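Trainee: First the structure, which I've put down as structure tokens, then a few questions once you've had a look.
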Amino acid sequence: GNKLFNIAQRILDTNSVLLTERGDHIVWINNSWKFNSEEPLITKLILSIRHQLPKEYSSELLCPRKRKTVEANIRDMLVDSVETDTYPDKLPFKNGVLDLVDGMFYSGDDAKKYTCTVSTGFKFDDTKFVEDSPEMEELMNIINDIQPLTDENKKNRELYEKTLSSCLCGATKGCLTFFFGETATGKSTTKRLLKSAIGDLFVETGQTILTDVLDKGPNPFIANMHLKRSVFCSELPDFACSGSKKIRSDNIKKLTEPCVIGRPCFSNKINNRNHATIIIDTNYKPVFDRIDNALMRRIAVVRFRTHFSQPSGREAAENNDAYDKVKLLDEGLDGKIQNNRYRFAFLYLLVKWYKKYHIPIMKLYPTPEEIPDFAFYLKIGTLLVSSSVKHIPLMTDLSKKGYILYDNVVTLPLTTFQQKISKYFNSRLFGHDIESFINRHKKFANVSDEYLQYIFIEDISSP
Amino acid sequence: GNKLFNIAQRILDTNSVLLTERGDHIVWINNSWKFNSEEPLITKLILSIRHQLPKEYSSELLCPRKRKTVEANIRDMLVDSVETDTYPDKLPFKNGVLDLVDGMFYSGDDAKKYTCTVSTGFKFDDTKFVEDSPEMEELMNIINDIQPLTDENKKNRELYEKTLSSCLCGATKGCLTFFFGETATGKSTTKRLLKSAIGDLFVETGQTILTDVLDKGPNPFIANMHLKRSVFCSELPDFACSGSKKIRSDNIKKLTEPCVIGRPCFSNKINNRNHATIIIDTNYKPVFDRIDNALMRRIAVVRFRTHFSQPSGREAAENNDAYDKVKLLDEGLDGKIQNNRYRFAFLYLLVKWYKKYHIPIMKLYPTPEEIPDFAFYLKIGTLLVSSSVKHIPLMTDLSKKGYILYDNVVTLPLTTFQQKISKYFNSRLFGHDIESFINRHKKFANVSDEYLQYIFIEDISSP
Amino acid sequence: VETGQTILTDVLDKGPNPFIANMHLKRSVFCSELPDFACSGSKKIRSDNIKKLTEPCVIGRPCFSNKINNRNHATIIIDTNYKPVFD
DNA sequence: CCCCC
Ligand SMILES: Nc1ncnc2c1ncn2[C@@H]1O[C@H](COP(=O)(O)OP(=O)(O)OP(=O)(O)O)[C@@H](O)[C@H]1O
Ligand SMILES: Nc1ncnc2c1ncn2[C@@H]1O[C@H](COP(=O)(O)OP(=O)(O)OP(=O)(O)O)[C@@H](O)[C@H]1O
Ligand SMILES: [Mg+2]
């Protein structure tokens, strides 16, 4: 009995509705997996696949009440969760899945085995996914204008290519990249090109994810990054002028983890999967509230140094020290990019870069030598080291150099340490930094009298 | 079988219901696309469209329960999403779409192709959309009073026309405009005229979008500009009297982007499409917290200099240097404008100006010479040149002026550079600006020594 | 489970305390990158909070919840690099 | 329930 129960069982036997570990209901319609808590996806699937059931079952599914009964039966039948979005080298489209390691495009049940629950939102066109075209030469000219193929720009260009290509691989990336440069240098053009290329896998959020508390309450600004392969933030302010909050290192470290806590309004799903490449456009370098060794492992910088100016302001730009090259501005390029002219050309370029930079494992490495905020830590980290045991047979040398021994621990006088620091970094130049380092790296032998359990590398080098 | 399903399929075959990429269901009623998130209009469409169905189908749609069944069927039928508001040269009305490029007015299925989800809110009158009328003469008299057709006011008048006409096109603009003048000069009259002309494509917000962070929590002030073609802000709080917040350059840069990040109350949507010309009525010049070249790329100024006064204060007005002309105030003009007397005359004028200023691509250009804040930067840009390869083969002569060579680069001492700068600008004028420039462009070979790699134009010119 | 330095350098109860609530049937709690006390101008870990953690039911509630009586079967492991200072 | 507070 229960024709409706039989219909629900038949639909469940097709493996077209699945329950995820988070609590979602993903359905397979029109050659793609979709989930949406606001749309009647299960009844949509029932109506869509009414054609694959017997003729006596097809006519029963034209009634919304009966479709809702079938949906209730299916919901009670789904008891086990599944693992979704586990292939980091598959790019999902609206009509199939592209193999990023092989170049094969799968449609239908071939693409169904990879439970890719997101998509670009548009259809793959193999007649445009071609190497040579009128659009490809123009796109290559644009890219070579933005990032010149010169010898002094080799490393920066390769880093730019790697960062752009990493927006295809759906895994957790462990760095935050900063597109730094002066005005009119191509950063927004690059952003728009990437958005056109990867479609719905691209999202843009606010600086609140960098300068606010992520726990909070309902946070759609974080909940909108679930499974996105690229996240953009833009327009960092100048932190030198007091009045702007600094970037939270806690947020920076929390954004590189495989899961991020944040939930929408009227929703109970708090944890989102992190597959994102986070890129920040800025005219100014970042300043963080607190600097430590971990934070320095998650920051990378790509610099833009080509100006596109109108003919009136070309001469003033040619004498600027923030530009290496000046080019003529193009006034139709924005519209051409907006109309998705270079979508498949840039997609092909990104796939080629993915192949080139995906030597067995692809990983993003930090560039801490570019951020001025990290210079004080980087310099002093190679000059002073903790107490020494194998250098214990040098206590006479330490005493002659000014150090003292206390429980076989090297201690330096505060005044002597200040005088030594003044040589490498002037007091007038970095008094706040030197005083903070003295107060932070030193232990308190008393309320007033204290000592630093850190000796200079050069002092120990002296025999 | 299933008359209701047949009705639903027939209605779906007319493409009168669409599902948008933001999750809305837009319906085609009364020659326009409409949607309401809090109260869907699909049943309204069913009732309205019942007249185009067979006679045996029209009678079933008089029952709300049957209409709801048909709506459920349609909702299950709608699977794919569509893109809306993609034509910038179409002006939507409540009964059709006006082709700005061509001049033809489309109604019916001709206006259906352009999925414009916004409208002016009033119907287009072809009889009032005429060049020869009693209203047009008065309107041109008013406009020539506000912005005279002299030779001194020619560029200002052209900028005025361009900014006013740019409120008809649905595309992202690159500049923010300031309507600057003294009191009783026609700025609010211009705002009211434009509001009367374009109806619901016009919005007015607060200064929070200029002086406050946009992401934060729910911000209806920034979320209400979605797809608006004109945004007005008024009455900047003069910043000389300390106690008023300054304008955020980060906000200025963010308001120019094609997408603005901000959400309403009880909404998960965090992106808004920027189609708006943003204008601010001011008695005072803007003051920004940080001034850089990226800010000086997005500011334009139109100045109003005609005074409309009561007969009593005419002489005290004529002895004022802020006015180039004094006329007689009209007391019925406010009511005449509020009664939509010049709506179609001003609309015709705006379309004519659109055609005039839409040489193939129309673009808003900055006017950085009208802001006194930018003067120091503009002068410094001309009074200095960055040392280059050509500067190297000049050291033997540059030593006469005190210039030195270090690291194969021509540089000058900090004290000498400070004295040279003081020789051009006094301390009391821009001491803070000079100090900020020195801090932001200083090259410190040692921690105690600082220098600038810039040369004065006079020394380079002299041989 | 792993939590930041909020549980140590802030109020354990406060308002919403997800960090405190995450120890609910969590046999191990980890803390990383502790704020060494040599710097002047930082908050302090509370001996009262230590005693509260030693109590057989530590104060802690989830968001929009009143079931603050969450049983404690947790041993906290705190990882740092500098000697702590207790007032 | 969010927002508000
Ligand atoms: N290769 C190119 N050749 C010619 N014109 C270009 C090229 N790339 C970009 N342009 C144009 O020159 C200008 C460059 O500004 P763009 O918005 O790309 O960068 P930006 O000012 O650094 O960005 P942001 O919005 O982050 O400040 C734009 O008007 C763009 O259309
Ligand atoms: N061409 C004109 N001829 C006669 N009267 C005019 C004309 N244009 C405007 N007026 C009237 O003169 C007055 C000027 O006020 P208006 O609102 O235009 O000034 P405003 O520049 O916005 O002033 P404020 O800066 O104080 O807001 C109004 O009463 C307006 O109706
Ligand atoms: Mg006014």
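Trainee: Would you work out the Kirkwood radius for the protein assembly as shown? I mean one over the mean of 1/r across all pairs of different Cα atoms, in Å. Mind showing how you got there, number by number?
Mentor: Numbers: mean 1/r = 0.0298 Å⁻¹.
33.6 Å is the Kirkwood radius here.
Trainee: Next up: Could you list the square roots of 5 times each eigenvalue of the Cα gyration tensor of the stretch A:279-326, that is, the equivalent ellipsoid semi-axes, sorted largest first and rounded to whole Å?
Mentor: On the way: eigenvalues 215, 19, 16 Å².
Semi-axes from the Cα gyration tensor: 33, 10, 9 Å.
Trainee: While we're here: Extending each Cα 7 Å along its Cβ direction at B:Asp109 and C:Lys83, get the distance between those two points in nm, one decimal.
Mentor: About 8.8 nm, to one decimal.
Trainee: Let me ask another. Check cross-link reach from B:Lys285 to the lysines: straight Cα distance under 16 Å, and skip same-chain residues fewer than eight apart.
Mentor: B:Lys187, B:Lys245, B:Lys246
Trainee: Among the GluC sites (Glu not before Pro) within the stretch A:1-110, which fall in a DSSP loop and have no more than 15 other Cβ atoms within 10 Å of their own Cβ?
Mentor: Values: sites: A:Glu21, A:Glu38, A:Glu56, A:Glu60, A:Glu71, A:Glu83; in loops: A:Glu21, A:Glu38, A:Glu83.
Those that pass, being in a loop and sparsely packed, are A:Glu21, A:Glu38, A:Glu83.
Trainee: Along the principal axes of its C-alpha atoms, what lengths does the stretch B:217-260 span, in descending order and rounded to whole Å?
Mentor: So the extents along the principal axes, rounded to whole Å, are 36, 21, 19.
Trainee: Based on C-alpha coordinates, I'd like the Rg and Dmax of the stretch A:1-44, in Å.
Mentor: Just the Cα atoms of the stretch A:1-44 yield Rg and Dmax of 11.5, 34 Å.
Trainee: Given a cut-off of under 8 Å on Cα pairs at least six residues apart, what relative contact order in percent is computed for chain A?
Mentor: Numbers: 711 pairs, mean separation 63.4, N = 463.
Value for chain A: 14 percent.
Trainee: What list do you get for A:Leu394, B:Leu429 if you sort them by fewest beta carbons within 10 Å? Write down the numbers at each step before the final one.
Mentor: Working: A:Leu394 18, B:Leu429 11.
Ranking A:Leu394, B:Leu429 by Cβ neighbours within 10 Å, fewest first, gives B:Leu429, A:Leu394.
Trainee: May I ask you to list, by number, the DSSP H helices of chain A whose Cα span along the axis is at least 18 Å and whose average Kyte-Doolittle hydropathy reaches -0.5 or more? Don't skip to the answer; put the middle values down first.
Mentor: On the way: long enough: A:64-77 (19 Å, -1.55); A:134-146 (19 Å, -0.12); A:343-357 (21 Å, 0.13); A:427-441 (20 Å, -0.63).
Both cut-offs are met by A:134-146, A:343-357.
Trainee: Further question: Anything over 27 Å Cα to Cα? Flag those among B:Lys34/B:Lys356; A:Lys254/C:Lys83; B:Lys123/B:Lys352; B:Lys34/B:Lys269; A:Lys228/A:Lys355; A:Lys228/A:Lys363, in the order listed.
Mentor: On the way: B:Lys34/B:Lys356 32 Å; A:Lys254/C:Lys83 25 Å; B:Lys123/B:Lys352 20 Å; B:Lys34/B:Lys269 19 Å; A:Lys228/A:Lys355 21 Å; A:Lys228/A:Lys363 18 Å.
Where the Cα-Cα span goes over 27 Å, the pairs concerned are B:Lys34/B:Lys356.
Trainee: For B:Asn283 and B:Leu378, calculate 0.36 nm times their separation in residues minus their Cα-Cα distance, and state this gained length in nm to one decimal. Before the final figure, lay out each step's value.
Mentor: On the way: separation 95, 0.36 × 95 = 34.20 nm, distance 2.38 nm.
Here the answer is 31.8 nm.
Trainee: Loop only per DSSP, at most 13 neighbouring Cβ atoms within 10 Å: give me the GluC sites (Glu not before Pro) in the stretch B:136-201, ordered by residue number. Display every interim value, and only then the final one.
Mentor: Details: sites: B:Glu137, B:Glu138, B:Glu152, B:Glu158, B:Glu161, B:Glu182; in loops: B:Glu152, B:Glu182.
Answer in residue order: B:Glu152.
Trainee: Sticking with this structure for a sec: To the nearest 20 Debye, how big is the dipole of chain A about its Cα centre, given +1 on the beta carbon of each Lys and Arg and -1 on that of each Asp and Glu?
Mentor: Working: 64 positive and 59 negative charges, 203 e Å.
Here the size comes out at about 980 debye.
Trainee: Let me ask something additional. Across peptide B:256-269, how many C-beta atoms of other chains are within 10 Å of each residue C-beta, on average? Before the final figure, lay out each step's value.
Mentor: Working: counts 2, 6, 6, 4, 2, 8, 2, 5, 0, 1, 3, 3, 10, 2.
For this peptide, the per-residue mean of nearby foreign Cβ atoms is 4.
Trainee: Further question: Of all GluC sites (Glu not before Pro) in the stretch A:351-435, which ones are in loop regions per DSSP and have a Cβ with at most 14 other Cβ atoms within 10 Å?
Mentor: Working: sites: A:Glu369, A:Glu370, A:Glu435; in loops: A:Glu369, A:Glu370.
Qualifying residues, ordered by number: A:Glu369.
Trainee: Now, a different point. How long are the three semi-axes of the equivalent ellipsoid for the stretch B:388-445, computed from the Cα gyration tensor as the root of 5 times each eigenvalue, in whole Å, largest first?
Mentor: Numbers: eigenvalues 116, 36, 15 Å².
After scaling each eigenvalue by five and taking roots: 24, 13, 9 Å.
Trainee: Whats the longest run of chain A with zero chymotrypsin sites (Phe, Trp or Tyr not before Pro) that are DSSP loop and have at most 13 other Cβ atoms within 10 Å? Let's see the in-between values first.
Mentor: Details: sites that count: A:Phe266, A:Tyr406.
Maximal segment without exposed cleavage sites: A:1-265.
Trainee: I need the calculated FRET efficiency for the pair A:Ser388 and C:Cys57, taking r as the beta carbon distance and R₀ as 41 Å, to the nearest 0.05. List each step's numbers first, then the result.
Mentor: Details: r = 47 Å, r/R0 = 1.15.
The computed FRET efficiency comes out at 0.30.
Trainee: Only helical DSSP H runs with n ≥ 4 go in: add -39500 (n - 2.57) per run for the protein assembly as shown, normalise by residue count and round the 222 nm mean residue ellipticity to 500 deg cm²/dmol. Numbers along the way, then the final one.
Mentor: Values: 40 runs with 334 residues, N = 1013.
Here the helix-only value at 222 nm equals -9000 deg cm²/dmol.
Trainee: OK, next. Describe numerically, in nm with one decimal, the distance between label points set 7 Å from Cα along Cα→Cβ at A:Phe122 and at B:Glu137.
Mentor: 5.4
Trainee: May I have the convex hull volume per residue, in Å³, for the Cα set of the stretch A:113-223?
Mentor: Values: hull volume 18.9 nm³, N = 111.
Looking at the stretch A:113-223, the number lands at 171 Å³ per residue.
Trainee: Per the Kirkwood treatment, what hydrodynamic radius in Å, one decimal, follows for chain A from the mean inverse distance over all distinct Cα pairs?
Mentor: On the way: mean 1/r = 0.0377 Å⁻¹.
About 26.5 Å, per the Kirkwood formula over Cα pairs.
Using ideal geometry, Cβ is built from the backbone for each residue, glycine included, and neighbour counts are taken over all protein chains shown. Read the figures in this text as sums done on the coordinates, not as results from a lab.
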